[PDB]
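In the form deposited in one PDB entry, a lone chain appears below as structure tokens.
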């Protein structure tokens, strides 16, 4: 943080700027930012909107956990003490690649066993090889829907000059019913609408009027950086600010070229760092959270979830301009974003084959009704025996339920075609997410309305020309369009077991996931004795605790 000034945000330190390939070069700071998480179960907790919730799971007694702040090249260490009654836990660091530190990913039944309750602990330590905005959450089923969530801000350079960094701005769905009850509900029923949408942890109740709108004070004439996150379990958001444009400087944790838009689509898990110029008249302006796609990717019972953007020195109160409804994004993220640091892949060479195809299908023949299958199999990870235990014991007999897609290719690009139930009854859009990598969104089926139920299968005769291998969007989460397909690509530079799943909590609970066992033969040697011992320590403590649990495992575990 030497040469980083408001006028020159492109610079950071010697050898490190916005054009430096962050996936291969990282600043040697030697600084460690430590945090302690205390997961406690609170019954009959008073919510931000005046409504009392039956049960919540909280980190350090707050709605969200600590705002993790570190610099590019720092090491983030977190001790997670589980003081919940029955539930196990883990903390997944979404957007953190976890380069050669696979066992710190937090994916239950994959990279670790769940940390046992009644005082169980584990200390996560990872290097911040990427700068930007990210988030953390539990990976114990849909436990993060109870409140085990928070934000990660790794400071670094930018693709546009700005004066003030307003920090994190998480927008999430809010349900009065607990996550485990909602997983049981969605197994046999269609997903419900949210009761409210929280902006920076606050929202107003549409029935009573209680609570408060989020208040962001803008300094007149200054460029402000705002880090918008979607920490939701199901809801996909469309965000807009009345009489203002937002300039995207980053998509997820990948800095992109300046892209000025009127509105932004945020899928579950997606982040967007924007530059907002306080260029308009001194007044209060509404920041609106709308829903497009015709309820194909969510909705809220709060008809107008909003936040207030207040200009400093201007009068207070509620904004008078209700605004103009934004463009219907049709449950799709923009593929116009072009990364600052480029990547190139041959797209003409692609051929649709079974070992590169991941068909997402909805099975309505079994018990329960909503069972999501990827390649004819719904994922069901083993909390007692993770995929890493198999790696450490030289065991290759992975169960069909673990959905292991073994990628043996070394440091090469791998192409993946994900099909969204073309022959099925109906289709829903899916926020596809990959652990341990930022993928290249090469292409998707034609942008059509989400509830249209229009189908598209990959036809090389029209679609090979629709792909872009010259600096395509690089991110950790993107939309799988309803009724169609999606083409992705990631370079195998990080040996480990990585989940690739839909980020809608109900869908991943239903089974929408695969496990990319990347370079298994290379993985075993890269695991330190410290990580192995600790992996085995937590698994032993969990295997001892499980027979005393009064509740069963109703879902996938992921």
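Residue numbers count along the first chain shown, from 1.
Query raised in the report: On average, which has the higher Cα B-factor in the deposited entry, 224 to 232 or 311 to 319?
Result: Higher of the two, by average CA B-factor, is 311 to 319.
Query raised in the report: Between 205 to 213 and 421 to 429, which has the larger average Cα B-factor in the PDB entry?
Result: Stretch with the higher mean C-alpha B-factor: 205 to 213.
Query raised in the report: Among 438, 77, 277, 105, where is the Cα temperature factor highest, going by the PDB entry?
Result: That would be 277, according to the entry.
**Report entry** Residue, from 95, 305, 119, 147, that the PDB entry assigns the highest Cα B-factor
**Finding:** Highest CA B-factor of the listed options: 95.
Requested in this report: Compare the C-alpha B factor of residue 178 with those of the other modelled residues in its chain, then answer lowest, middle or highest third.
Outcome: Ranked within chain, residue 178 CA B lands in the middle tercile.
Query raised in the report: residue 546's Cα B-factor: lowest, middle or highest third of the chain?
Result: Middle third by C-alpha B-factor.
**Report entry** Entry-reported Cα temperature factor of residue 45, expressed as the chain third it lands in
**Finding:** Answer is highest: the recorded C-alpha B-factor places it there.
Requested in this report: Relative to the other modelled residues of the same chain, rank the CA B-factor of residue 520 and answer lowest, middle or highest third.
Outcome: Ranked within chain, residue 520 CA B lands in the highest tercile.
Query raised in the report: Thinking about Cα B factors across the chain, which third does residue 242 belong to?
Result: Ranked within chain, residue 242 CA B lands in the middle tercile.
Although not depicted, the form deposited with a small molecule bound is the subject of the following passage.
**Report entry** Contact test, all of 296, 372 and 507, partner the small molecule in the deposited complex, heavy atom 4.5 Å
**Finding:** All of them do, each having a heavy atom within 4.5 Å of the partner.
Requested in this report: Name the stretch, out of 424 to 432, 459 to 467, 440 to 448, 249 to 257, where some heavy atom lies within 4.5 Å of the small molecule in the deposited complex.
Outcome: Looking at the partner contacts, the answer comes out as 424 to 432.
Requested in this report: Please check if residue 73 has a heavy atom lying within 4.5 Å of any heavy atom of the small molecule in the deposited complex.
Outcome: Flag for residue 73 set to no.
Query raised in the report: Does the small molecule get within 4.5 angstroms of any non-hydrogen atom of residue 190 in the deposited complex?
Result: Although the small molecule is absent here, residue 190 would touch it in the deposited complex, with heavy atoms inside 4.5 Å.
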